[PDB]
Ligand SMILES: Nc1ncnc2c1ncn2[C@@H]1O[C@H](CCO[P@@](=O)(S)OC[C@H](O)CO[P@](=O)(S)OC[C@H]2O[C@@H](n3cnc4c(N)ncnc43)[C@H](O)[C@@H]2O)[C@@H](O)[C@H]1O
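One chain comes next, on its own, written out as structure tokens in the form deposited without this ligand.
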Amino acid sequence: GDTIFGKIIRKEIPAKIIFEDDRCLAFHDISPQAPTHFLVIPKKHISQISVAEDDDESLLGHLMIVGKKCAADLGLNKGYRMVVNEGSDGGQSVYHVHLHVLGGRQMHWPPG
């Protein structure tokens, strides 16, 4: 089923967009957990990483490459953390695959 991230992709509700191409979108998280906290999402509706297909491998890697390029452009020269949540134990909040990128502060261990 549709999600709020689908609405963001379709431009039906606002988001602070950092980068877009034909296959993904990066935008600042509405509930940031670090001075910089953004998401990179595919335009294809994959509901969760556990259901991603083998043919999705390059697309998933593209999310990470876009994420690292956006992080550099946003000035995260001291580093950052990338996160994908799956399911209830993973704390996944929206059932549309999304890569979190967080930085601008020391990230701690354990990662939640």
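Numbering starts at 1 and follows the sequence shown.
As for the form solved in complex with this ligand, it is not shown, yet the points below apply to it.
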query	finding
Steric status of site, this ligand superimposed as seen in the deposited complex, threshold 2.4 angstroms to backbone or C-beta	blocked
Close approach of residue 39 to this ligand in the deposited complex, 4.5 Å, heavy atom	yes
Distance check, residue 69 to this ligand in the deposited complex, heavy atom within 4.5 Å	no
Exercise: residue 58 in contact with this ligand in the deposited complex, heavy atom 4.5 Å	no
Contact label in the deposited complex: residue 52 to this ligand, heavy atom within 4.5 Å	no
Residues within 4.5 Å of this ligand in the deposited complex, restricted to 76-112 and counted by heavy atom	91, 92, 93, 94, 98, 100
